[PDB]
Amino acid sequence: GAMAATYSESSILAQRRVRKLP
Amino acid sequence: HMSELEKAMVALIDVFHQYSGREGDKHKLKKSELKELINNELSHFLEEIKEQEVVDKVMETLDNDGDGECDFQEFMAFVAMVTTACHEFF
Amino acid sequence: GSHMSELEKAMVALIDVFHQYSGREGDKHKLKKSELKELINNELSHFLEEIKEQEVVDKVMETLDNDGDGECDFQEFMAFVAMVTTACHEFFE
Ligand SMILES: [Ca+2]
Ligand SMILES: [Ca+2]
Ligand SMILES: [Ca+2]
Ligand SMILES: [Ca+2]
Ligand SMILES: [Cl-]
């Protein structure tokens, strides 16, 4: 049980070019 | 042919939608929803949350627009924090 | 619950895909522009447009790189994943 105490332009470009479906 | 990375991303959306949708604002996580997510879905990585003070601290950290709740963008920051912390202990 | 959750297995898949690409060349704990490109073109082929121009990978790495070493460590990669996931969500409203 290795747990912590819970206190711890180009992307629009490559998301815009996601064009498909004629 | 969707990839492991992409499936992983979609599951993040799905787990957010599941918990945000229970109570109140169906698109945001309130404290109680956030706490259940951590106790039900992150139990092998995070220590159980039992105290309200802790829920409070976590939400305050995550909440960047000051509405007391956690939207998806704020949740993704949470997943990055946590995932990064685990990567460091593996 | 006691089983690894869908969430926990997603996180694990993120760690694995990173080390899967970061381990190829040079530093095994970082993605050079070379390695980042391959990751994007093969694993985000439904979310991001394929990269084939050098000008592009230059710009992507510049934005991801906050410590200024010209490479992407895990923390920086998680930021990238956060950014992309947020976008797909945004395209589901
Ligand atoms: Ca809610
Ligand atoms: Ca908020
Ligand atoms: Ca490398
Ligand atoms: Ca770096
Ligand atoms: Cl949503």
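The count begins at 1 with the first shown residue.
Header says: X-ray crystallography, 2.7 Å.
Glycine too: its Cβ is placed from the backbone N, Cα and C atoms.
Pulled from the PDB entry:
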SEQADV    C:1-3  expression tag
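According to Swiss-Prot, the protein has these features:
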MOD_RES   C:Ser5  blocked amino end (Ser)
MOD_RES   C:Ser5  N-acetylserine
DOMAIN    C:16-51  domain 'EF-hand 1'
DOMAIN    C:52-87  domain 'EF-hand 2'
BINDING   C:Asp65, C:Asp67, C:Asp69, C:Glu71, C:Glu76  Ca(2+) 2 binding site
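In this structure, the C-alpha atom of C:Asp69 (Ca(2+) 2 binding site) lies 35 angstrom from that of the residue listed as 'blocked amino end (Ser)'. A simple way to gauge crowding: the CB of C:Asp67 (Ca(2+) 2 binding site) has 10 other CB atoms within 10 angstroms, across all the protein chains here. It is C:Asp65, among the binding-site residues C:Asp65, C:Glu71, C:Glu76, whose Cβ has the fewest other Cβ atoms within 10 Å in the structure shown. The closest partner of the residue listed as 'blocked amino end (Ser)' among the binding-site residues, by CA position, is C:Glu76; the full candidate set was C:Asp65, C:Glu71, C:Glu76.
A Cβ distance under 8 Å defines the sequence-distant neighbours of the domain 'EF-hand 1' (C:16-51), meaning residues of its chain 6+ beyond its ends; these are 57-58, 60-61, 64, 69-74, 77, 84, 87-88. Taking the centroid of the Cβ atoms of C:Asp65, C:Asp67, C:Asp69, C:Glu71, C:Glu76 as the Ca(2+) 2 site, the other same-chain residues with Cβ within 8 Å of it are C:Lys30, C:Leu64, C:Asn66, C:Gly68, C:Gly70, C:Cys72, C:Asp73. Checking the binding-site residues C:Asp65, C:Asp67, C:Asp69, C:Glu71, C:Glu76 against chain B with a Cβ-Cβ cut-off under 8 Å leaves no residue at all. Here the recorded positions are C:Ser5, C:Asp69; the one with the fewest Cβ atoms within 10 Å of its Cβ is C:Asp69. Secondary structure at C:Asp67 (Ca(2+) 2 binding site), taken from DSSP and collapsed to helix, strand or coil, is coil.
Applying DSSP to the expression tag (C:1-3) sorts its residues as follows: 0 helix, 0 strand, 3 coil.
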